[PDB]
Each structure stands twice: as structure tokens, then as C-alpha cells.
């Protein structure tokens, strides 16, 4: 299997963490999707990473679909629970984290993909407000628990960890660590996992 990804992509980091936790071997292929020379469209018509390309040539996207499928590929470190209700809880956590990332990417892309004369203050403020709200919800949801859903590490934790680390990396001005002590304790723990250690974004 081949994973088209980048070392900075937080959605791709989620998938890489899952693959590491599951001990699934794969070839990592760094692809710059913002280059006019990108070939990602051979595999993902949406032009995005991550994209997993299977032995047979079948292409899998997006990160949620890849994560769900990877969890079935080994009995090692089950990350998505069996129960429908328990699965709901984990997948909603993942949607919350991914949604925070969607807003953060839009806020970043407003700068990287537009001339100053093409930018909107109100749009960026909207996206930054979603990030703030998502952070508050993550802190409210985690509450006093060990992990997002209680006793066990799941894809919820992976997704949240990737989101918070992305803010550390790209948005150090968003001071979530001051605001939410329970998220700080969570992140301090999760970043000690081998899967996180091995997938830190460069720079």
C-alpha cells in the first residue's frame, strides 16, 4: 500500500498515527498538492491528501475513510469501538477535530493562496471563531476523563491530538493551552506515544 501524504498535513498525520498504532506497513509518498505539477489527481479527484492507494491500484480517501478501513486491517490496537453508540461517540469526536482542522486550513489558505487584495477579514474571523468554539467543546467533552471516551484510547484521541498539535505548529497565536488545562494534560500524554513521536511535523 502507498500513502500519498505530506509530513505537515494534520489529516494525513491522523492516518499515519492510525497505521503506526495498528502496525500496518505502507510506503510513504510525500506529495505537494499545491504544486501545479502535482499528480495527486490520478488517485484522488478531489486533489487532496491523504490518499491511500492499494495493492490492486484502488484509491481510498478521505482521511476518515482511510482511518476506518485501516482499523479493520489488523487486530492490533482497535481504535474504533464495535458498539453503534460507542462508534457514534468516537466518530463525532473525529468530526469535531477534523472540523477544527477545516477551519484552521481555511484561515491559513486565506494567506497562502490569496494576494492581500483578495482576502476577507470577516471570513477569517468566522473560521477563527469556529476554532475557538471547537476547542471549548473539546474541553467540555473530555471533561475529567482519561481519554475522550473514558477508559480507552480511540480514534477520537488520535484526531484531537492531531488537531491540537496542528494549532501548536501553525497557529501558535491561538492560546488554547492557557484556556483549557484538561487539553494540555491530554496533549502532554498523547505526544509521548510512539505514533506521535514518529510523526511530528517538520519546522
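Positions refer to the first chain, counted from 1.
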(message) Highest mean C-alpha temperature factor of the two stretches 24-32 and 58-66, which is it?
(response) 24-32
(request) Could you check which stretch, 178-186 or 11-19, carries the larger mean CA temperature factor in the entry? (result) 178-186
(request) Check the PDB entry and point out which of 141, 172, 150, 45 has the largest C-alpha temperature factor. (result) 172
(request) For the C-alpha B-factor as written in the entry, point me to the maximum among 103, 95, 111, 79. (result) 111
(message) What third of the chain does residue 1 rank in for C-alpha temperature factor, lowest, middle or highest?
(response) highest
(message) Please say which third, lowest, middle or highest, residue 136 falls into when its CA temperature factor is compared across its chain.
(response) middle
(message) Taking only the Cα B-factors deposited for this chain, tell me whether residue 40 sits in the lowest, middle or highest third.
(response) middle
(message) Can you tell me whether residue 165 has a C-alpha B-factor in the lowest, middle or highest third compared with the other modelled residues of the same chain?
(response) lowest
(message) By the recorded C-alpha temperature factor, relative to the other modelled residues in its chain, which third is residue 49 in?
(response) middle
